[PDB]
Every structure is written in C-alpha cells, then in structure tokens.
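Novice: Mind looking over this structure? Questions follow.
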Amino acid sequence: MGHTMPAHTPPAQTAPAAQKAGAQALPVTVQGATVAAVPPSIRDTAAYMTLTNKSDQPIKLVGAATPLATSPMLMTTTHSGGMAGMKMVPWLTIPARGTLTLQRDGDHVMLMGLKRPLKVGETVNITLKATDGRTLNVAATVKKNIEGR
C-alpha cells in the first residue's frame with residue numbers, strides 16, 4: 001500500500017514551430033526578453049527588459065506581450081530624456097538614443113492569470129507588435145527575480 005497521491009498526467013498535442021524567420025532589414029537588436037520565475041502557488045508574474053537600437057535611427061513599436069497570461073496587465077514608468085509617460089501598456093518609440101527600458105524597480109508588464117508551471121530558466125513565448133505594421137512571435141526566457149522562492 002502507498003499514500004494517496006493526486007493526479008497530473010503528461011501534456012498533449014504539441015504543434016509545429018512558430019515560423020522559420022521574422023522581419024528582415026530592421027537595424028535594431030533584441031536584448032533577450034525575460035519573465036520573473038514564481039512558485040506554483042502564485043499563477044501571476046512579470047516581464048522586464050531593454051531596447052538596444054544598434055544605430056542612430058528611431059524605431060516605432062508598442063513593446064511586448066504574451067498568450068501565456070490570460071490578462072497581460074502591461075505597465076512601466078520613466079521620464080527618460082524628456083520621453084516621459086505613465087503606466088498602461090509600455091512604449092517603443094526610440095528618440096534615436098532613447099534606448100527603451102522597463103524593470104520591477106520602475107514598473108513592469110504583469111502576466112496575470114498564468115497556467116504553465118515554469119522552471120527558473122525555461123524558454124517561453126513573447127509576442128511584440130508594431131504601432132503601425134504587424135504582430136511578431138519572439139523568444140524569451142524565465143529568470144527568478146524578487147517574488148520567486
């Protein structure tokens with residue numbers, strides 16, 4: 001006889017990889033994109049990152065979101081070099097040196113209503129979007145930070 005264990009079961013379906021390239025001819029670089037690993041108690045997390053424009057040219061975009069969290073409660077603050085806003089969706093208009101930026105210490109995009117149990121350094125899906133243009137599937141990692149033990 002054992003002890004009465006609960007149930008779980010392996011995952012199902014899978015599907016093919018998102019697509020085998022993205023946008024061409026954009027002289028602007030990805031930083032890596034990352035979420036704050038959390039214990040299975042708290043089905044709620046956040047993402048935080050930067051935007052290295054690798055050239056003197058002003059990129060337009062909205063920032064980054066996800067389908068992993070049922071309410072992407074997107075936030076950030078900053079005054080920048082006068083490129084000041086207030087929280088509800090980030091921004092990705094770069095003043096040709098106004099290297100975009102978001103962090104728990106200055107507010108961050110909150111992934112409320114999660115569902116996968118993640119590992120500290122797992123690979124996960126981010127979806128960024130243009131302000132005029134299109135949507136984009138991009139990679140991202142997990143990394144523990146503040147709220148995860």
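All residue names refer to the structure tokens as shown: chains lettered A, B, ... in order, residues numbered from 1 in each chain, ligands numbered from 1 in order.
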Counting only C-alpha atoms, what is within 8 Å of range 110-120 of chain A, bar same-chain residues fewer than 5 positions away, as a list in words?
Specialist: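 Selected residues are residues 37, 38, 40, 43, 44, 45, 46, 47, 66, 68, 69, 70, 71, 72, 73, 74, 75, 142, 143 and 144 of chain A.
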Novice: Given only C-alpha atoms as the basis, pick out the residue of A:22, A:61, A:146, A:99 nearest to residue 129 in chain A.
Specialist: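 Closest to residue 129 in chain A of all the choices is A:61.
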Novice: Using Å and a single decimal, report how far CA of residue 88 in chain A sits from CA of residue 59 in chain A.
Specialist: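 Between these atoms lies a distance of 19.9 Å.
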Novice: Would you mind telling me which residue in A:9, A:125, A:139, A:109 lies nearest to residue 63 in chain A when using only C-alpha atoms?
Specialist: A:109
Novice: Could you tell me, as a PyMOL selection string, which residues of chain A DSSP assigns to strand (DSSP E or B) when given the backbone?
Specialist: chain A and resi 34-35+44-50+60-61+63-65+71-73+92-93+101-102+109-112+123+126-129+135-138+141-142
